[PDB]
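Novice: Take a look at the following structure, please.
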Amino acid sequence: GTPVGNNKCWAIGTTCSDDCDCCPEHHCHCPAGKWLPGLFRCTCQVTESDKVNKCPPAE
């Protein structure tokens, strides 16, 4: 009944810790801030593009 592969699937919007931490369909967005240096950490967000989590899928 809905088995769990390797991807642990962290909290959406939080920082990733690799090791299949985030979900496969999602990725780790590492944006930045303008006006002088001071960009915040990365956040986990869904991804549809060809570039997804290095980890395998999970159904």
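Naming scheme: A, B, ... for chains in displayed order of the structure tokens; residues 1 onward per chain; ligands 1 onward as shown.
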May I have the residues within 12 Å of range 35-48 of chain A as a PyMOL selection string, using only C-alpha atoms and disregarding those fewer than 5 positions away in the same chain?

Specialist: chain A and resi 9-18+20-30+53

Novice: Please write the residues from the selection above to a file, keeping N, CA, C and O atoms, as a PDB file, in the first residue's frame.

Specialist:
```
ATOM      1  N   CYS A   9      12.010  12.389   0.974  1.00  0.00           N
ATOM      2  CA  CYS A   9      11.064  13.473   0.739  1.00  0.00           C
ATOM      3  C   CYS A   9      10.980  14.394   1.953  1.00  0.00           C
ATOM      4  O   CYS A   9      10.120  14.222   2.817  1.00  0.00           O
ATOM      5  N   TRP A  10      11.877  15.371   2.010  1.00  0.00           N
ATOM      6  CA  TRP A  10      11.905  16.321   3.117  1.00  0.00           C
ATOM      7  C   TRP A  10      10.711  17.267   3.053  1.00  0.00           C
ATOM      8  O   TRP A  10       9.782  17.057   2.272  1.00  0.00           O
ATOM      9  N   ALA A  11      10.741  18.308   3.876  1.00  0.00           N
ATOM     10  CA  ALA A  11       9.662  19.288   3.911  1.00  0.00           C
ATOM     11  C   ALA A  11       9.784  20.279   2.759  1.00  0.00           C
ATOM     12  O   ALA A  11      10.842  20.872   2.547  1.00  0.00           O
ATOM     13  N   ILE A  12       8.696  20.453   2.017  1.00  0.00           N
ATOM     14  CA  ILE A  12       8.682  21.373   0.886  1.00  0.00           C
ATOM     15  C   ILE A  12       8.992  22.798   1.333  1.00  0.00           C
ATOM     16  O   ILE A  12       8.321  23.347   2.207  1.00  0.00           O
ATOM     17  N   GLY A  13      10.013  23.393   0.726  1.00  0.00           N
ATOM     18  CA  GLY A  13      10.395  24.750   1.072  1.00  0.00           C
ATOM     19  C   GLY A  13      11.604  24.798   1.985  1.00  0.00           C
ATOM     20  O   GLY A  13      12.215  25.851   2.166  1.00  0.00           O
ATOM     21  N   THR A  14      11.952  23.652   2.564  1.00  0.00           N
ATOM     22  CA  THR A  14      13.095  23.567   3.465  1.00  0.00           C
ATOM     23  C   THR A  14      14.374  23.248   2.702  1.00  0.00           C
ATOM     24  O   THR A  14      14.347  23.017   1.492  1.00  0.00           O
ATOM     25  N   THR A  15      15.496  23.234   3.415  1.00  0.00           N
ATOM     26  CA  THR A  15      16.787  22.943   2.804  1.00  0.00           C
ATOM     27  C   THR A  15      16.988  21.442   2.632  1.00  0.00           C
ATOM     28  O   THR A  15      16.549  20.648   3.465  1.00  0.00           O
ATOM     29  N   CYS A  16      17.653  21.058   1.549  1.00  0.00           N
ATOM     30  CA  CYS A  16      17.914  19.652   1.267  1.00  0.00           C
ATOM     31  C   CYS A  16      19.238  19.209   1.883  1.00  0.00           C
ATOM     32  O   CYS A  16      20.129  20.026   2.117  1.00  0.00           O
ATOM     33  N   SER A  17      19.360  17.912   2.141  1.00  0.00           N
ATOM     34  CA  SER A  17      20.575  17.361   2.733  1.00  0.00           C
ATOM     35  C   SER A  17      21.098  16.191   1.906  1.00  0.00           C
ATOM     36  O   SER A  17      21.761  15.294   2.429  1.00  0.00           O
ATOM     37  N   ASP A  18      20.796  16.206   0.612  1.00  0.00           N
ATOM     38  CA  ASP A  18      21.237  15.148  -0.288  1.00  0.00           C
ATOM     39  C   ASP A  18      20.857  13.775   0.259  1.00  0.00           C
ATOM     40  O   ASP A  18      20.037  13.664   1.170  1.00  0.00           O
ATOM     41  N   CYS A  20      19.125  11.435  -1.160  1.00  0.00           N
ATOM     42  CA  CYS A  20      17.715  11.183  -1.431  1.00  0.00           C
ATOM     43  C   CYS A  20      16.829  11.912  -0.426  1.00  0.00           C
ATOM     44  O   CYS A  20      15.658  11.573  -0.255  1.00  0.00           O
ATOM     45  N   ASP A  21      17.396  12.915   0.236  1.00  0.00           N
ATOM     46  CA  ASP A  21      16.659  13.694   1.223  1.00  0.00           C
ATOM     47  C   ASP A  21      15.344  14.205   0.641  1.00  0.00           C
ATOM     48  O   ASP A  21      14.269  13.939   1.179  1.00  0.00           O
ATOM     49  N   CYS A  22      15.437  14.941  -0.462  1.00  0.00           N
ATOM     50  CA  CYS A  22      14.257  15.490  -1.117  1.00  0.00           C
ATOM     51  C   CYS A  22      13.630  14.465  -2.058  1.00  0.00           C
ATOM     52  O   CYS A  22      14.235  13.439  -2.367  1.00  0.00           O
ATOM     53  N   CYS A  23      12.413  14.751  -2.508  1.00  0.00           N
ATOM     54  CA  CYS A  23      11.701  13.855  -3.412  1.00  0.00           C
ATOM     55  C   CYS A  23      12.302  13.908  -4.814  1.00  0.00           C
ATOM     56  O   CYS A  23      13.015  14.844  -5.176  1.00  0.00           O
ATOM     57  N   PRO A  24      12.008  12.880  -5.623  1.00  0.00           N
ATOM     58  CA  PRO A  24      12.508  12.786  -6.998  1.00  0.00           C
ATOM     59  C   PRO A  24      11.869  13.821  -7.918  1.00  0.00           C
ATOM     60  O   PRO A  24      12.562  14.515  -8.662  1.00  0.00           O
ATOM     61  N   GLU A  25      10.544  13.918  -7.862  1.00  0.00           N
ATOM     62  CA  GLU A  25       9.814  14.869  -8.693  1.00  0.00           C
ATOM     63  C   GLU A  25      10.188  16.304  -8.334  1.00  0.00           C
ATOM     64  O   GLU A  25       9.998  17.224  -9.130  1.00  0.00           O
ATOM     65  N   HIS A  26      10.720  16.489  -7.130  1.00  0.00           N
ATOM     66  CA  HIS A  26      11.121  17.811  -6.665  1.00  0.00           C
ATOM     67  C   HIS A  26      12.634  17.986  -6.765  1.00  0.00           C
ATOM     68  O   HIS A  26      13.361  17.037  -7.062  1.00  0.00           O
ATOM     69  N   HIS A  27      13.102  19.205  -6.515  1.00  0.00           N
ATOM     70  CA  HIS A  27      14.528  19.504  -6.577  1.00  0.00           C
ATOM     71  C   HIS A  27      14.918  20.516  -5.504  1.00  0.00           C
ATOM     72  O   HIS A  27      14.088  20.926  -4.691  1.00  0.00           O
ATOM     73  N   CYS A  28      16.185  20.917  -5.507  1.00  0.00           N
ATOM     74  CA  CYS A  28      16.686  21.880  -4.534  1.00  0.00           C
ATOM     75  C   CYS A  28      17.028  23.206  -5.208  1.00  0.00           C
ATOM     76  O   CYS A  28      18.106  23.362  -5.783  1.00  0.00           O
ATOM     77  N   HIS A  29      16.104  24.157  -5.131  1.00  0.00           N
ATOM     78  CA  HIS A  29      16.307  25.471  -5.733  1.00  0.00           C
ATOM     79  C   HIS A  29      17.277  26.305  -4.900  1.00  0.00           C
ATOM     80  O   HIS A  29      17.066  26.512  -3.706  1.00  0.00           O
ATOM     81  N   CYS A  30      18.341  26.781  -5.540  1.00  0.00           N
ATOM     82  CA  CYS A  30      19.344  27.591  -4.860  1.00  0.00           C
ATOM     83  C   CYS A  30      19.413  28.991  -5.464  1.00  0.00           C
ATOM     84  O   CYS A  30      20.392  29.369  -6.107  1.00  0.00           O
ATOM     85  N   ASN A  53      15.928  15.598  -9.238  1.00  0.00           N
ATOM     86  CA  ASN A  53      16.785  15.010  -8.216  1.00  0.00           C
ATOM     87  C   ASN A  53      17.595  13.849  -8.785  1.00  0.00           C
ATOM     88  O   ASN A  53      17.053  12.974  -9.462  1.00  0.00           O
TER      89      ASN A  53
END
```

Novice: Quick one: residues within 9 Å of residue 5 in chain A, only C-alpha atoms counted, chain neighbours fewer than 4 positions away excluded, as a list in words?

Specialist: residues 56, 57, 58 and 59 of chain A

Novice: Go ahead and write the residues just picked, N, CA, C and O atoms, as a PDB file, in the first residue's frame.

Specialist:
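Saved file result12.pdb follows:
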```pdb
ATOM      1  N   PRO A  56      16.576   8.300  -7.945  1.00  0.00           N
ATOM      2  CA  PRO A  56      15.555   7.673  -8.790  1.00  0.00           C
ATOM      3  C   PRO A  56      14.139   8.055  -8.369  1.00  0.00           C
ATOM      4  O   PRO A  56      13.915   8.619  -7.298  1.00  0.00           O
ATOM      5  N   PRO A  57      13.160   7.740  -9.230  1.00  0.00           N
ATOM      6  CA  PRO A  57      11.749   8.040  -8.968  1.00  0.00           C
ATOM      7  C   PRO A  57      11.173   7.182  -7.846  1.00  0.00           C
ATOM      8  O   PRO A  57      11.899   6.445  -7.180  1.00  0.00           O
ATOM      9  N   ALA A  58       9.863   7.283  -7.644  1.00  0.00           N
ATOM     10  CA  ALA A  58       9.189   6.515  -6.604  1.00  0.00           C
ATOM     11  C   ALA A  58       7.676   6.552  -6.788  1.00  0.00           C
ATOM     12  O   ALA A  58       7.055   7.610  -6.686  1.00  0.00           O
ATOM     13  N   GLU A  59       7.089   5.391  -7.061  1.00  0.00           N
ATOM     14  CA  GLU A  59       5.648   5.293  -7.260  1.00  0.00           C
ATOM     15  C   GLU A  59       5.017   4.366  -6.225  1.00  0.00           C
ATOM     16  O   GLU A  59       5.656   3.430  -5.745  1.00  0.00           O
TER      17      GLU A  59
END
```

Novice: Run DSSP on the backbone of this structure and report the residues of chain A it assigns to strand (DSSP E or B), as a PyMOL selection string.

Specialist: chain A and resi 26-29+43-46
